[PDB]
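> What follows is the file final27.txt, containing compact mmCIF, C-alpha atoms and all ligand atoms:
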```txt
# COMPACT_ATOMS: atom_id res chain seq x y z
CA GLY Q 1 133.59 101.44 138.56
CA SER Q 2 133.50 105.22 138.92
CA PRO Q 3 137.00 106.70 138.50
CA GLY Q 4 135.78 109.98 137.05
CA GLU Q 5 138.37 110.24 134.28
CA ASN Q 6 135.67 109.07 131.87
CA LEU Q 7 133.62 112.22 132.44
CA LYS Q 8 136.73 114.41 132.64
CA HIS Q 9 137.77 113.30 129.15
CA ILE Q 10 134.19 113.43 127.89
CA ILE Q 11 133.66 117.03 129.00
CA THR Q 12 137.15 118.33 128.22
CA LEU Q 13 136.65 116.88 124.74
CA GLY Q 14 134.43 119.88 124.08
CA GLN Q 15 136.97 122.41 125.34
CA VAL Q 16 140.02 120.85 123.69
CA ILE Q 17 138.25 120.94 120.32
CA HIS Q 18 137.06 124.50 120.90
CA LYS Q 19 140.50 125.87 121.76
CA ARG Q 20 142.10 123.65 119.11
CA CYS Q 21 140.19 125.68 116.52
CA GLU Q 22 142.70 128.50 117.01
CA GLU Q 23 145.31 126.10 115.63
CA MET Q 24 143.39 125.75 112.37
CA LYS Q 25 144.42 128.03 109.50
CA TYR Q 26 141.93 127.26 106.73
CA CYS Q 27 139.01 125.57 108.49
CA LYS Q 28 139.43 128.12 111.29
CA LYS Q 29 136.50 129.94 109.68
CA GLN Q 30 134.01 127.13 110.32
CA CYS Q 31 135.82 125.72 113.35
CA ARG Q 32 135.32 129.12 114.99
CA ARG Q 33 131.53 128.83 114.86
CA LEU Q 34 131.59 125.05 115.27
CA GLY Q 35 133.70 124.90 118.42
CA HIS Q 36 131.89 127.96 119.76
CA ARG Q 37 128.39 126.63 119.05
CA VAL Q 38 129.08 123.02 120.02
CA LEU Q 39 130.62 124.37 123.22
CA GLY Q 40 127.08 125.20 124.29
CA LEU Q 41 126.36 121.48 124.55
CA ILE Q 42 129.28 120.80 126.88
CA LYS Q 43 128.56 124.00 128.81
CA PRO Q 44 125.83 122.31 130.89
CA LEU Q 45 127.93 119.14 131.01
CA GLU Q 46 130.85 120.78 132.82
CA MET Q 47 128.57 122.88 135.02
CA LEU Q 48 127.49 119.62 136.65
CA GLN Q 49 130.94 118.56 137.83
CA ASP Q 50 131.88 122.20 138.39
CA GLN Q 51 128.98 123.13 140.67
CA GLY Q 52 128.82 119.62 142.11
CA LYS Q 53 125.04 119.42 142.41
CA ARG Q 54 123.80 116.51 140.30
CA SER Q 55 124.69 113.27 142.09
CA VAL Q 56 126.63 110.44 140.43
CA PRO Q 57 124.99 109.14 137.23
CA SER Q 58 123.68 105.59 136.83
CA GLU Q 59 124.07 102.90 134.16
CA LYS Q 60 121.22 104.47 132.20
CA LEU Q 61 123.33 107.62 131.92
CA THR Q 62 126.66 105.85 131.39
CA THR Q 63 125.22 104.09 128.34
CA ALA Q 64 123.97 107.31 126.76
CA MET Q 65 127.04 109.37 127.66
CA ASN Q 66 129.31 106.53 126.53
CA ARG Q 67 127.87 107.07 123.05
CA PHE Q 68 128.58 110.80 123.15
CA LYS Q 69 132.16 110.22 124.28
CA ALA Q 70 133.17 108.44 121.07
CA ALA Q 71 130.70 110.45 118.99
CA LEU Q 72 132.21 113.81 119.95
CA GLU Q 73 135.65 112.34 119.26
CA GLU Q 74 134.70 112.54 115.59
CA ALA Q 75 134.85 116.34 115.71
CA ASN Q 76 138.15 116.52 117.61
CA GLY Q 77 139.54 113.94 115.21
CA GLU Q 78 138.24 115.51 112.01
CA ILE Q 79 139.64 118.98 112.74
CA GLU Q 80 142.92 117.25 113.60
CA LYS Q 81 143.39 115.58 110.21
CA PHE Q 82 141.81 118.51 108.38
CA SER Q 83 144.60 120.62 109.88
CA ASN Q 84 146.71 119.43 106.95
CA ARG Q 85 146.25 121.46 103.77
CA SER Q 86 146.46 118.22 101.78
CA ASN Q 87 143.44 116.90 103.67
CA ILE Q 88 141.43 120.05 102.95
CA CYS Q 89 142.51 120.32 99.32
CA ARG Q 90 142.04 116.64 98.49
CA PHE Q 91 138.60 116.86 100.11
CA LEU Q 92 137.57 120.19 98.58
CA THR Q 93 138.67 119.02 95.14
CA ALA Q 94 137.24 115.53 95.68
CA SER Q 95 133.69 116.89 95.70
CA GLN Q 96 131.91 120.17 94.95
CA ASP Q 97 130.76 122.32 97.86
CA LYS Q 98 130.41 120.15 100.97
CA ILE Q 99 130.58 120.42 104.76
CA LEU Q 100 133.39 118.99 106.89
CA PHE Q 101 131.73 118.97 110.31
CA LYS Q 102 128.18 118.28 109.12
CA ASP Q 103 127.72 114.72 110.37
CA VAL Q 104 129.42 115.81 113.60
CA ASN Q 105 126.68 118.31 114.44
CA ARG Q 106 124.18 115.56 113.68
CA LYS Q 107 125.76 112.80 115.78
CA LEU Q 108 126.57 115.24 118.58
CA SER Q 109 122.93 116.35 118.76
CA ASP Q 110 121.57 112.84 118.21
CA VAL Q 111 123.74 111.45 121.01
CA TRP Q 112 123.02 114.46 123.21
CA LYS Q 113 119.24 114.49 122.80
CA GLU Q 114 119.36 110.81 123.76
CA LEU Q 115 121.30 111.30 127.00
CA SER Q 116 119.68 114.69 127.61
CA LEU Q 117 116.21 113.13 127.83
CA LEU Q 118 117.06 110.89 130.79
CA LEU Q 119 118.82 113.94 132.23
CA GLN Q 120 116.05 116.51 131.86
CA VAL Q 121 113.43 113.94 132.87
CA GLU Q 122 114.37 114.77 136.47
CA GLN Q 123 116.01 118.17 136.02
CA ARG Q 124 116.26 120.21 132.81
CA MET Q 125 119.96 120.99 132.45
CA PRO Q 126 119.83 123.20 129.32
CA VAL Q 127 117.46 126.10 128.68
CA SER Q 128 116.93 126.54 124.94
CA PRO Q 129 115.01 123.99 122.83
CA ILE Q 130 117.83 121.57 122.06
CA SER Q 131 115.32 119.14 120.55
CA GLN Q 132 113.36 121.30 118.11
CA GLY Q 133 115.41 123.64 115.93
CA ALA Q 134 117.67 122.51 113.11
CA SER Q 135 118.83 125.98 112.07
CA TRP Q 136 122.37 125.63 113.42
CA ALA Q 137 122.75 122.71 111.01
CA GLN Q 138 121.89 124.78 107.93
CA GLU Q 139 124.23 127.55 109.09
CA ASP Q 140 127.14 125.11 108.89
CA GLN Q 141 126.64 124.68 105.15
CA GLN Q 142 127.15 128.44 104.85
CA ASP Q 143 130.29 128.40 106.99
CA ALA Q 144 131.98 125.61 105.03
CA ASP Q 145 131.36 127.70 101.92
CA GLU Q 146 133.55 130.51 103.27
CA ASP Q 147 136.46 128.06 103.34
CA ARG Q 148 136.02 127.48 99.61
CA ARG Q 149 136.44 131.08 98.44
CA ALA Q 150 139.04 131.59 101.18
CA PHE Q 151 140.90 128.55 99.86
CA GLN Q 152 141.26 130.11 96.41
CA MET Q 153 143.89 132.53 97.71
CA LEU Q 154 145.53 129.68 99.63
CA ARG Q 155 146.83 128.45 96.27
CA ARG Q 156 146.66 129.99 92.80
CA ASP Q 157 145.78 127.85 89.78
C1 LIG M 1 127.38 114.92 132.81
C2 LIG M 1 126.93 113.89 133.85
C3 LIG M 1 125.45 113.56 133.64
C4 LIG M 1 127.75 112.64 133.71
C5 LIG M 1 128.84 112.43 134.54
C6 LIG M 1 129.60 111.28 134.41
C7 LIG M 1 129.27 110.34 133.46
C8 LIG M 1 130.09 109.09 133.32
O1 LIG M 1 129.93 108.56 132.00
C9 LIG M 1 129.63 108.07 134.33
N1 LIG M 1 130.35 107.64 135.33
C10 LIG M 1 129.64 106.73 136.04
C11 LIG M 1 129.91 105.97 137.18
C12 LIG M 1 128.96 105.12 137.68
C13 LIG M 1 127.73 105.00 137.06
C14 LIG M 1 127.44 105.73 135.93
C15 LIG M 1 128.39 106.61 135.41
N2 LIG M 1 128.42 107.46 134.33
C16 LIG M 1 128.18 110.55 132.63
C17 LIG M 1 127.42 111.70 132.76
```
Produce structure tokens that represent the structure in this file.
Ligand SMILES: CC(C)c1ccc([C@H](O)c2nc3ccccc3[nH]2)cc1


Amino acid sequence: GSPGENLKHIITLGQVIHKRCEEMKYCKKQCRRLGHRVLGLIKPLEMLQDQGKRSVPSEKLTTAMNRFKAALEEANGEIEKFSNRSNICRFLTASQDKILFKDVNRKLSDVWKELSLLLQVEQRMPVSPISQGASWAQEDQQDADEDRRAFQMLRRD
């Protein structure tokens, strides 16, 4: 059917995670840029239902979007668990210098570029080159680093 809640939860997923960042205390550093940057992907997603221009999507879209729904959940879920200092410490100590929302940016873009194609094919929603350009990904590695040094003060040896 076509209740609408599906899209409502799919779109809001980007806002909830963005605002949720404020809740963070340690990962807030990366979450700030993550939620802010990623928000750009949902920006054009909400504009659709907001403006009310693009007609109802078809199965071809439902399939693609359906993948982004669960995919994006990874981010909202990660930040949730990461909220706990134990989750950040155990992870930070587990390895040496690593990202927390790396795969997220990958899956989010991979799932977006897939559903964005069948979307732009008729009408280009976004503006910037969402396809080409993997700079935002490298930037993440730099953000996660800030959490490391910032974590030092969090707890003294
Ligand atoms: C952002 C725009 C493009 C959008 C809006 C809703 C959905 C939702 O997943 C959806 N509901 C549907 C009902 C009937 C047939 C297809 C549907 N897709 C997917 C994408």

> Pick out the closest residue to residue Q:116 from this set: Q:16, Q:99, Q:130, Q:31. Count all atoms listed in the file.

Q:130

> To one decimal in Å, tell me the separation between atom CA of residue Q:73 and atom CA of residue Q:51.

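Result for atom CA of residue Q:73 versus atom CA of residue Q:51: 24.9 Å, one decimal.
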
> Taking (132.9, 120.3, 126.3) as a centre in this file's frame and 7 Å as the limit, can you find every polymer residue with an atom that close, using only C-alpha atoms, and give them as a PDB file with C-alpha atoms, in the coordinates of the input?


```
ATOM      1  CA  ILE Q  11     133.660 117.030 129.000  1.00  0.00           C
ATOM      2  CA  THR Q  12     137.150 118.330 128.220  1.00  0.00           C
ATOM      3  CA  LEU Q  13     136.650 116.880 124.740  1.00  0.00           C
ATOM      4  CA  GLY Q  14     134.430 119.880 124.080  1.00  0.00           C
ATOM      5  CA  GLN Q  15     136.970 122.410 125.340  1.00  0.00           C
ATOM      6  CA  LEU Q  39     130.620 124.370 123.220  1.00  0.00           C
ATOM      7  CA  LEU Q  41     126.360 121.480 124.550  1.00  0.00           C
ATOM      8  CA  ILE Q  42     129.280 120.800 126.880  1.00  0.00           C
ATOM      9  CA  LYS Q  43     128.560 124.000 128.810  1.00  0.00           C
ATOM     10  CA  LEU Q  45     127.930 119.140 131.010  1.00  0.00           C
ATOM     11  CA  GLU Q  46     130.850 120.780 132.820  1.00  0.00           C
TER      12      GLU Q  46
END
```

> Identify which of the residues Q:81, Q:9, Q:124, Q:148 lies closest to residue Q:95, counting all atoms listed in the file when measuring atom-to-atom distances.

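Among the listed residues, the smallest separation from residue Q:95 belongs to Q:148.
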
> I'd like a table as a Markdown table: residues in chain Q with an atom no more than 6 Å from ligand LIG 1 (chain M), each row giving the shortest atom pair and its distance in Å to one decimal, only C-alpha atoms and all ligand atoms counted, sorted by chain and rising residue number.


```
| residue | atom | partner | partner_atom | distance |
| --- | --- | --- | --- | --- |
| Q:1 | CA | M:LIG1 | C12 | 6.0 |
| Q:2 | CA | M:LIG1 | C11 | 4.1 |
| Q:6 | CA | M:LIG1 | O1 | 5.8 |
| Q:7 | CA | M:LIG1 | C6 | 4.6 |
| Q:45 | CA | M:LIG1 | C1 | 4.6 |
| Q:57 | CA | M:LIG1 | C14 | 4.4 |
| Q:58 | CA | M:LIG1 | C14 | 3.9 |
| Q:59 | CA | M:LIG1 | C14 | 4.7 |
| Q:61 | CA | M:LIG1 | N2 | 5.6 |
| Q:62 | CA | M:LIG1 | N2 | 3.8 |
| Q:65 | CA | M:LIG1 | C16 | 5.2 |
| Q:66 | CA | M:LIG1 | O1 | 5.9 |
```

> Export C-alpha atoms of the chosen residues as a CSV table (one decimal), keeping the file's coordinate frame?


```
chain,number,residue,atom,x,y,z
Q,1,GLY,CA,133.6,101.4,138.6
Q,2,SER,CA,133.5,105.2,138.9
Q,6,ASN,CA,135.7,109.1,131.9
Q,7,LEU,CA,133.6,112.2,132.4
Q,45,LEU,CA,127.9,119.1,131.0
Q,57,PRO,CA,125.0,109.1,137.2
Q,58,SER,CA,123.7,105.6,136.8
Q,59,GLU,CA,124.1,102.9,134.2
Q,61,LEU,CA,123.3,107.6,131.9
Q,62,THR,CA,126.7,105.8,131.4
Q,65,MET,CA,127.0,109.4,127.7
Q,66,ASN,CA,129.3,106.5,126.5
```

> Rank Q:136, Q:151, Q:101, Q:112 by their smallest atom-to-atom distance to residue Q:44, using all atoms listed in the file, and report the top residue only.

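Closest to residue Q:44 of all the choices is Q:112.
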
> Find the distance between atom CA of residue Q:118 and atom CA of residue Q:4 and write it in Å to one decimal.

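Atom CA of residue Q:4 lies 19.8 Å from atom CA of residue Q:118.
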
> Report, in Å with one decimal, the straight-line distance from atom CA of residue Q:70 to atom CA of residue Q:113.

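Straight-line distance from atom CA of residue Q:70 to atom CA of residue Q:113 works out to 15.3 Å.
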
> Find, counting only C-alpha atoms, the residue in Q:157, Q:50, Q:97, Q:103 that gets nearest to residue Q:144.

Q:97

> Please determine, counting only C-alpha atoms, which residue among Q:60, Q:20, Q:69, Q:106 has the shortest atom-to-atom distance to residue Q:5.

Q:69

> Scan for residues within 12 Å of the point (126.9, 124.1, 111.3) in the coordinates of the file, using only C-alpha atoms, and reply as a ChimeraX atom specification.

/Q:29-38,75,98-106,108-109,134-145

> Taking into account all atoms listed in the file, which residue in the set Q:24, Q:77, Q:84, Q:110 is nearest to residue Q:131?

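So, comparing all the options, the nearest one is Q:110.
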